[PDB]
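Step one of this worksheet: look at the structure below.
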Amino acid sequence: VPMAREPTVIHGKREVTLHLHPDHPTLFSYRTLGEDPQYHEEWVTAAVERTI
Amino acid sequence: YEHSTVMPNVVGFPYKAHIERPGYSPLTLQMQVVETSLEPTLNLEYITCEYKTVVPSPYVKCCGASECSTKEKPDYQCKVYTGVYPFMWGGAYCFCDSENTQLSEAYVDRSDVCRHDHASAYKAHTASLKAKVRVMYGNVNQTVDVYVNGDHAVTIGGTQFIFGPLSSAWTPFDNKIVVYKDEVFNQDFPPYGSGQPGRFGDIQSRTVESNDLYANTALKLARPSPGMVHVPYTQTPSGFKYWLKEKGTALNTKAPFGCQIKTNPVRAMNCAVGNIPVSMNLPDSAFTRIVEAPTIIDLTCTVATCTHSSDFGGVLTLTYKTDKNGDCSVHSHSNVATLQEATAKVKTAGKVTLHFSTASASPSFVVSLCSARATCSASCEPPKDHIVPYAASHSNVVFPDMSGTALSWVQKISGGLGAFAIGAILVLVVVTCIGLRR
Ligand SMILES: *[C@@H]1O[C@H](CO)[C@@H](O[C@@H]2O[C@H](CO)[C@@H](O[C@@H]3O[C@H](CO)[C@@H](O)[C@H](O)[C@@H]3O)[C@H](O)[C@H]2NC(C)=O)[C@H](O)[C@H]1NC(C)=O
Ligand SMILES: *[C@@H]1O[C@H](CO)[C@@H](O[C@@H]2O[C@H](CO)[C@@H](O[C@@H]3O[C@H](CO)[C@@H](O)[C@H](O)[C@@H]3O)[C@H](O)[C@H]2NC(C)=O)[C@H](O)[C@H]1NC(C)=O
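For the record, the sequence lines run as chains B and A.
Each residue of the first sequence is one higher than the one before, counting from 267 in PDB author numbering.
Each residue of the second sequence is one higher than the one before, counting from 1 in PDB author numbering.
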């Protein structure tokens, strides 16, 4: 199976802006590892821009 | 010499323990948690997998009649039809024009590959914690594996270690669990014998090799179309295939405290919560006689730079006066600051350096080199990097010292106001006394 490219990170004040460049539908998901996490998962298809 | 302490259940945290025997020089141990495993206890309920419909060939009994016979098969269905006039490639047999019958038969059965692709329904309770701890002191390295409960003693170089039960009793697994390959789902599955068609658990088996089977898929037969032999039927699609497409999320991407869920066996690893009490029993060979340890007098502490960052962003300098050169044990008696080294090289020059990390604007703590004591105060500026890829190495204590700048200003203002109020009280009391003495 192929491995997708590493996304570009942009640091901020307790925030990360993340650039995504997929070639084909990939699954992107994140969670905050605290007491009460904040879920997410998605099927990225084209170039997007997400803040985490 | 028995001892006890508590260590945080955070992987990679450099915990250091101080032992002060009154007949020997102080000793410092290092304990680090490398790996943990929360192991729940599971009871199997039933096994679900895709089904397969078995439809035998029809038996066209003609110039006569047939009667349906009951059988003990899962979701069995049988009917007899009247008036069929079947056709085949060479022509139509069954001479009798209308006095023919066809018997249809069908039932459900477990699929061929159910023993490679199935979902399990479990009940989880009473998790058991297991850990792997690395300890070093003096010249003794080594890692050990320990059950984290008060009934397992492991000996590491002549020292007996007992790791007590966890402070908290929190588990990420609910009462009911559905396990599929390497994914764990917090799901409420229907009871055995009460499955509904089209959803999860339409067919259930008590075990993968068990002979019994309960299937409810609403299999229904229909009358064949005239002049053909096909045994029509209708059936609600499989519930397992449906569950595969709309199960939704998981526990691997949902668990709190940032701990990965794995399978075979079901466990939750590196899952930081609570405290781990430690009970120890050391022999006399580990300590050093006080005569052999160098004597340290006139210990003073100074700070060069301080930045309360996640990594060790502080430099400390100790000045002293000794008679001989050897090895001391270095420890900090407050959790506001964590030292990087546990032992230092003492020399007749009289200067040693240490590294510490803090999370408060104005830290204040007491540091000991062998038997001497000293008090350190520092002014620390915030760091500039917004985000780092490594965990914090401090205890995350923010409250500044009472001698800090902000607290000093608060003290000054409070003292001024208190002096004003005291003067008010004195004037009022003097006036009242003069009035009463009249
Ligand atoms: C060869 O073909 C002849 C076609 O006539 C077959 O004769 C049919 O035999 C069946 C079997 O007995 C008869 O059915 C019977 O019908 C009466 C009512 O008429 C009913 O009371 C009986 O209980 C039974 O169902 C059928 O009537 C008869 N055909 C005719 C036109 O009378 C014969 O069976 C065939 N040979 C073989 C070996 O199948
Ligand atoms: C007790 O034993 C452990 C394991 O043998 C020691 O940890 C090991 O320390 C050495 C360096 O002294 C590490 O080697 C270096 O690791 C870095 C990691 O980036 C690598 O880039 C270097 O090329 C070099 O291989 C070794 O990795 C490390 N082992 C583990 C599992 O982390 C430990 O130092 C011993 N205790 C004492 C007091 O020395």
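Yeah, the Cβ is synthetic: ideal placement off N, Cα and C, and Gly gets one too.
Contacting residues, own chain, Cβ-Cβ under 6 Å from residue i (five flanking each side not counted)
i        : result
B/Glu308 : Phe294
A/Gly150 : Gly164, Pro165
A/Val60  : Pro86, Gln102
A/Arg134 : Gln32, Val34, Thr143
A/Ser364 : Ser377, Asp401
A/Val208 : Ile47, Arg115
A/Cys306 : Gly314, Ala378, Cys380
A/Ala372 : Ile296, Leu299
A/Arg199 : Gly239
A/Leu29  : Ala17, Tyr137
A/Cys96  : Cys62, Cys63
Close Cβ partners of residue i (< 7 Å) along its chain, the five nearest in sequence each way excluded
i        : result
A/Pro8   : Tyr15, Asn275
A/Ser360 : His308, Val336, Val397, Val398, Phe399, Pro400
A/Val266 : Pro40, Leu42, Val179, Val184
A/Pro58  : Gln102, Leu103, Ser104, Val229, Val231
A/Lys73  : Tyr107
A/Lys241 : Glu50
A/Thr5   : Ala17, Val278
A/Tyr1   : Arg21, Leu282
Within chain A, the residues that residue i reaches when beta carbons sit closer than 8 Å
i        : result
B/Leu284 : Within 8 Å Cβ-Cβ: nothing; B/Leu284 doesn't reach chain A, min ~12 Å.
B/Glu307 : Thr249, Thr253
B/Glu301 : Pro256, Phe257
B/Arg316 : Near B/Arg316 there are no residues of chain A at all, since even the closest Cβ is about 16 Å away, more than 8 Å.
Pick from the options that is closest to residue i, judged by C-alpha positions
i        : options                                : result
A/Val346 : A/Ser309, A/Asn325, A/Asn335           : A/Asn325
A/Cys380 : A/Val366, A/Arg438, A/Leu316, A/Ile434 : A/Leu316
A/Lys79  : A/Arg223, A/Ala372, A/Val367           : A/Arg223
B/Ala270 : B/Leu299, B/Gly300, B/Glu281, B/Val310 : B/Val310
A/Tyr81  : A/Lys71, A/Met88, A/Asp75, A/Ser98     : A/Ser98
A/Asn141 : A/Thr234, A/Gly157, A/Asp112           : A/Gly157
B/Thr298 : B/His306, B/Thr292, B/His287           : B/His306
A/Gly138 : A/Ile177, A/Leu27, A/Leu428, A/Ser332  : A/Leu27
A/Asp174 : A/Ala268, A/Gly416, A/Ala406, A/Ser334 : A/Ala268
A/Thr302 : A/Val367, A/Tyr192, A/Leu213           : A/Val367
A/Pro190 : A/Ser128, A/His118, A/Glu45            : A/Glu45
A/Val352 : A/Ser334, A/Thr358, A/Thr322           : A/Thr322
A/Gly248 : A/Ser120, A/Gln187, A/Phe356           : A/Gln187
Closer than 7 Å at the beta carbon, the chain B residues around residue i
i        : result
A/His386 : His277, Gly278, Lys279
Any non-hydrogen atom of ligand 2 within 8 Å of residue i CB
i        : result
A/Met136 : yes
A/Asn141 : yes
Residue i burial status per 10 Å Cβ neighbour count (16 or more: buried)
i        : result
A/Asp298 : exposed
A/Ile19  : buried
A/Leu354 : buried
A/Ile434 : exposed
A/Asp202 : buried
A/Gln204 : buried
A/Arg110 : buried
A/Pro383 : exposed
A/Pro294 : buried
A/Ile261 : buried
A/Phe420 : exposed
A/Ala215 : buried
Any non-hydrogen atom of ligand 1 within 8 Å of residue i CB
i       : result
A/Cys96 : yes
A/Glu67 : no
A/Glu99 : yes
A/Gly91 : no
A/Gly64 : yes
Ligand 4 heavy atom lying under 8 Å from the CB of residue i
i        : result
A/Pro363 : As for ligand 4, it is missing from this structure, which binds only ligand 1 and ligand 2.
Contacts that residue i makes with chain A (C-beta to C-beta distance below 9 Å)
i        : result
B/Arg271 : Result: empty, since nearest Cβ-Cβ is about 18 Å, beyond 9 Å.
Cβ shell of residue i (< 8 Å), same chain only, five flanking positions each side left out
i        : result
A/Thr159 : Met280, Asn281, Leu282, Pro283, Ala286
B/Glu315 : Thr283, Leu284, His285, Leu286
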